[PDB]
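Undergrad: here are the coordinates; sequence isn't available:
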Ligand code: CLA
Ligand code: CLA
Ligand code: CLA
Ligand code: CLA
Ligand code: CLA
Ligand code: CLA
Ligand SMILES: CC1=C[C@H](O)CC(C)(C)[C@@H]1/C=C/C(C)=C\C=C/C(C)=C\C=C/C=C(C)\C=C/C=C(C)\C=C/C1=C(C)C[C@H](O)CC1(C)C
Ligand code: SF4
């Protein structure tokens, strides 16, 4: 077990066992039954892995935007910029997004139920590559860099993934009361820290004391 | 004191503290953001 | 609009009802002096009344021929015509609170019955335990489906019958 | 075997006399249980230590105001200093609430579990940040070795409490003889020293 | 007539408390007991307690009339504004002609003096208009207790205990229906409270808004 | 021994009983040929206030 | 009209519950495992077992009639007033006042009971005197049952 989210005396009951990114953080005891703890673990990954690849489109691009290299729009209004384009792809995108994910995800849903269960003649000829080593960590998807014996580079995958999940929650909240992008919000806290915060300007609290 | 805390743990007393909380919370929730009907 | 109802902003009876309810206070305000406390009390009520009417109009409510706001319940029409906060969203707010009361009381009942003299624990509560469960019930839906999918929610024909 | 608040009264059974500033004073039978007693001695000391730290701040300013320096009354000081400050209210509060939640929480879990914060998690500090006693830490909060002797540590605990009880009574004084006179504490002192017989609480126009 | 009857109910309970022809041994059963049994054709409300429970309704009925007498008489024949030419009573002196008929007590007292209470919405007397209704609710609510019996209720709770048992959420303190004696007491209490509170609203609103 | 063991819990099968499909401790068992020997004690009271009753061999079965 | 329909549903569902219970629990209850041996209509099983007054299926039908009359009352009170406003031409009377209970007591009951109550006045008598007499006659018979 890795260090404790409280340094002091918060005894966990079922997290002493091995697992990735185990810091003993389960007050509500939602991981008591092991069968559904096994399910929530994969949820942290798909949310972790998806959130990180999403945060780059908000982050890697807006940094280049504030510097002035590109004139792309902000994420809070990128959706209304696509469909008015002459060469556009109007909303058959919601449904095709579901028809495409529905094929992959149920293949992932039936793996957690029956691990390594991809029949011999079910797919054309690549039935062997689709078998996975463990749940959440398949083999033939990564081309290099998964043959070490100390496999816990996974801890980087989680600490980076949990962090990004905070980012989008902050992007969405910052972009609902500040009215500006995430990086524009950063340039202000650096230029005038004490004035631009969640307390006084960002109306997250009813503070009206003009005296 | 062990018996006093036990008296305070009876049903009539714990319910009195509950009522002051729920009623105090609702009245305070009507005093500020006055008379709500539609939720934004 | 829908169901032959006008919005409250465009209605005449809605504004008629505002001019009426303010006229009662203005007549009542004439009796007292300007700087007195009864004057301050009525002016505040006037300020609240003016705020109640404009906020209900701003919220896209629907007022009928009588001039009073009406609510819509079908989520389809509510979402289509932007009237979801009225009924459809109040339903989820209450269910989360109602479930929280159930998941808490159910756990206090089960845990006290695992010990000696559970009858005393009902009339003389274990307040440290009750507060512990009351602050652990924020994610009550997760535990329910966890307990349903597991099968430890329901009892199985170990209950008393009558015939 | 020791002095008491009212001579001749039988002291309570739970107040043995080991605690600092123990005079057998608990008619309400509070701190009769070990766990509550373990909580109150830590509550008394913080209410003390904040009183000393605060009351000294009032005397320093009220003396500097009487001498000529630009210091305001301890009352209505947060109102006139915020009018002309670059830090808005709200950014100053949750800089205090957020920073104290760290300390105030670590102090809590040393109470519920002694020696727990010395695991070395916080920046690799182990020998410090583990409590010597309940409300009396050391190592880092005692840079000078003024606590590695039980003979001189037991009486210092008696002075920390005696100058403290006195201190948080004084803060109640400032509240009271401000509401009556609406003047600084030091000004009320020089008046009593000037005409002791005439200017007392009886002649303030209040409390009668 | 209302006083001689109220004495009959109480005095009968006193003398026949210790023994009667129907039940020669009541003293061993005690002061308050619901019934000896379905035998002798029926022995329900034979105790002295149940005589008091009956005397309350009569006593309440007798006292209510002694109040209507004071209100209509003093409004019509006594109270009023004095002018240059005599006195103008509140109800024009209608006690002499209308009171002889029961319909007069329904028309000229109830259907008339209830105008100030009904029309109290939107004024300072609005609380009396609410209590006027609230008092009717508690009065009727008592009828569930007086008319029914603890048998129907105890069986209903069993079918409710099944559901509370099915979900493993049941009280260790078993639920039991209100006792026969309590049921009767609960009735007369909610009965008198609703019967008395109505007048308390029907009077003060009538008289504060003078006439 | 004729019947269940002392101190053993058993489940009732009288349809008439307040304790039907419910569990109780065996207080004692008589081996003299009585029709209803098995004495059982429950924590929950019945409607009258009695918490014990003599049951038979066929009317009781193993727990749960 | 929304609230009136919902109030009706409450009356219909509860009335069925009072009856359905007296039927299914007619054969036996935990309080009385053998009701079938006694009959449909009996007094009670005695003051024992905490009290058994009004258990029989007859006593369930007995209690449902009170609710039945209450349910049909609402159904019928809603028909009359909604039609009076139509016949009088002022439909706005029902729409604005039927949303709160004092409207039912003020505008329907107390108001429309003016010509009736004056059936026999101390000055004279109209043709509605027979109805005011019957009006009270009902008020009295209802009280004698109490
Ligand atoms: C976790 C990452 C994260 C970060 C780095 C920021 C950063 C910022 N937020 Mg923000 N925010 C976040 C999450 C985050 N937020 C989330 C999850 C929410 C929803 C609850 C919000 C809601 C929010 C509002 C409503 C507002 C900001 C604002 C701001 C800016 C000013 C500081 C402030 O108001 O205090 C931040 C206040 C908070 C309550 C969030 C702090 C708590 C986090 C979780 C602690 C994390 C620890 C530490 C900082 C991590 C270091 C990461 C770093 C090295 C990259 C600043 C750029 C203000 C603005 O207008 O921007 C100009 C503003 O009005 N935030
Ligand atoms: C005003 C008179 C009155 C009232 C209010 C009721 C109300 C009720 N009767 Mg009922 N009944 C009555 C007269 C009345 N009855 C009469 C005269 C008879 C014939 C004698 C019956 C015979 C009868 C039978 C046979 C049955 C009922 C049943 C019921 C319940 C049905 C379920 C329900 O509707 O949910 C609730 C309805 C309400 C109106 C809620 C009432 C409580 C409100 C919400 C007040 C809330 C409390 C508030 C906080 C104030 C508390 C403060 C105070 C404690 C100090 C219900 C509570 C049935 C039942 O058992 O239900 C399962 C049933 O079987 N009744
Ligand atoms: C001083 C006057 C007084 C009054 C008015 C009451 C009133 C009450 N007591 Mg009581 N009590 C008293 C003195 C008093 N007590 C004394 C001197 C003792 C000895 C220490 C006790 C010991 C005692 C015990 C052991 C119990 C009561 C219980 C009760 C409640 C009966 C259960 C019920 O009907 O609701 C039924 C409740 C439900 C079906 C669901 C719970 C929802 C409730 C209504 C919410 C809580 C209501 C809250 C307490 C109201 C505020 C208090 C009120 C009097 C202002 C009732 C409100 C019982 C109880 O459980 O209290 C609630 C109970 O077990 N009392
Ligand atoms: C944890 C307590 C608890 C729980 C989980 C339930 C759960 C349930 N009850 Mg219920 N009930 C309770 C207490 C509880 N009840 C109490 C105290 C009473 C006496 C007034 C009743 C009387 C009752 C009746 C008459 C009926 C139910 C019914 C039901 C079922 C449908 C929900 C409903 O509408 O009920 C009704 C909800 C209430 C009457 C409100 C209960 C009062 C409060 C809000 C709940 C008590 C919480 C508790 C005091 C807090 C303790 C917490 C602890 C940490 C200290 C459902 C499974 C119905 C059913 O049979 O299902 C088909 C039904 O007809 N209950
Ligand atoms: C903590 C110690 C303390 C000290 C040193 C003082 C000192 C003073 N107070 Mg004061 N006061 C205090 C506490 C204290 N007060 C408390 C707790 C209250 C609230 C009850 C008051 C309420 C108060 C009012 C209302 C007034 C004063 C006034 C005064 C001044 C004139 C003395 C007088 O009129 O007698 C008044 C004395 C008292 C009412 C007794 C106070 C109670 C404490 C416990 C007294 C004993 C303190 C300590 C144990 C012994 C001294 C320690 C040390 C000096 C040796 C003087 C500077 C007057 C003033 O403004 O001066 C012009 C004035 O009008 N005080
Ligand atoms: C003996 C004491 C007593 C008396 C005398 C009364 C008298 C009365 N009560 Mg009652 N009441 C009492 C006790 C009493 N109460 C008690 C203890 C309670 C419970 C606490 C109640 C609760 C109660 C309620 C709830 C009500 C009454 C009401 C009434 C009045 C009935 C209204 C009426 O019918 O008008 C006069 C009746 C007539 C003019 C018709 C007379 C019928 C005659 C006698 C029969 C003739 C039949 C015919 C000629 C034969 C035909 C034969 C063929 C050839 C055609 C009436 C004056 C009602 C009321 O308040 O009035 C609004 C009401 O609803 N009472
Ligand atoms: C709040 C806020 C606000 C303001 O305004 C701003 C700021 C300051 C920014 C803040 C925030 C922060 C955060 C939270 C976050 C960020 C970032 C991250 C975490 C991530 C990314 C990002 C992340 C990520 C993961 C991305 C990428 C990665 C990867 C691996 C991909 C791919 C791959 C894989 C799969 C495997 C193979 O074999 C290989 C490859 C092909 C190579
Ligand atoms: S009160 Fe009930 S149980 Fe007693 S004799 Fe009468 S009907 Fe039977």
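TA: Happy to help now that I have it. Numbers count the residues shown, from 1 in each chain, chains lettered A, B, ... in the order given. Ligands and ions are numbered 1, 2, ... in the order given.
Undergrad: residues from chain G in reach of chain C?
TA: Contact residues, chain G versus chain C (Cβ under 8 Å from any Cβ of the partner chain): G:25, G:27, G:28, G:29, G:30, G:33, G:92, G:95, G:96, G:99. Every C-beta, even on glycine, is put in place using the N, C-alpha and C of the backbone.
Undergrad: so which of those residues would count as near chain E as well?
TA: Residues of the residues of chain G next to chain C in contact with chain E (Cβ under 8 Å from any Cβ): G:25, G:29, G:30.
Undergrad: grab the nearest non-local neighbour of the first one.
TA: By the measure of Cβ to Cβ, 6 or more residues apart in numbering or on different chains, the closest residue to residue G:25 outside its immediate chain neighbours is residue E:155, 5.7 Å from it.
Undergrad: for the residue nearest the centre of chain F, name its beta-bridge partners.
TA: Central residue of chain F (Cα atoms, centre = their mean): residue F:40, 3.7 Å from the mean position. Per DSSP bridges, the residues bridged to residue F:40 are residue F:26, residue F:53.
Undergrad: residue ranges of the helices in the chain, please?
TA: In the absence of a named chain, this looks at chain A. Assigned by DSSP state H, the helices in chain A fall at A:34-67, A:79-82, A:93-113, A:154-177, A:182-191.
Undergrad: hmm, no, I was thinking of chain E.
TA: Shown for chain E, the helices assigned by DSSP H span residues E:2-15, E:49-77, E:95-98, E:102-104, E:111-113, E:115-118, E:126-147, E:150-166, E:180-208.
Undergrad: near chain G, anything from the last one?
TA: Yes - taking Cβ under 8 Å from any Cβ as the criterion, helix E:180-208 and chain G are in contact, through residue E:180.
Undergrad: point me to the residue of chain A nearest ligand 1.
TA: Nearest residue of chain A to ligand 1, counting by Cβ to the nearest ligand atom: residue A:202, 1.8 Å away.
Undergrad: now do the same contact list for the closest residue in space to residue G:52 that isn't next to it in sequence.
TA: The shortest distance from residue G:52 to any non-neighbouring residue, by Cβ to Cβ, 6+ apart, is to residue G:45 (4.0 Å). Contact partners of residue G:45, counting by Cβ atoms under 8 Å, 6 or more residues apart in numbering or on different chains, are E:151, G:31, G:32, G:38, G:52, G:55.
Undergrad: if any of the residues you listed are buried, give me the PyMOL selection for them.
TA: Selection of buried members from the contacts of residue G:45 for PyMOL, criterion 16 or more other Cβ atoms under 10 Å in any protein chain shown:
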select buried, (chain E and resi 151) or (chain G and resi 31+32+52+55)
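Undergrad: show me which of the contacts of residue G:45 neighbour ligand 8.
TA: For ligand 8, the contacts drawn from the contacts of residue G:45 by Cβ under 6 Å from any ligand atom are residue G:52.
Undergrad: quick check: of the contacts of residue G:45, which lies closest to residue D:21?
TA: Distance ranking of the contacts of residue G:45 against residue D:21, using Cβ to Cβ, places residue G:31 first at 65.3 Å.
Undergrad: quick one: the closest one is in a helix?
TA: No - counting by DSSP: H, G, I helix; E, B strand; the rest coil, residue G:31 is not part of a helix but coil.
Undergrad: ok and the residue in chain F nearest ligand 2?
TA: Residue nearest to ligand 2 within chain F (Cβ to the nearest ligand atom): residue F:47, separated by 19.2 Å.
Undergrad: dump the residue contacts of the closest residue to that residue other than its chain neighbours.
TA: In space, residue F:47 comes closest to residue G:49 once its chain neighbours are excluded; the distance is 3.7 Å by Cβ to Cβ, 6+ apart. The neighbourhood of residue G:49, defined by Cβ under 8 Å, 6+ apart, consists of F:46, F:47, F:48, G:31.
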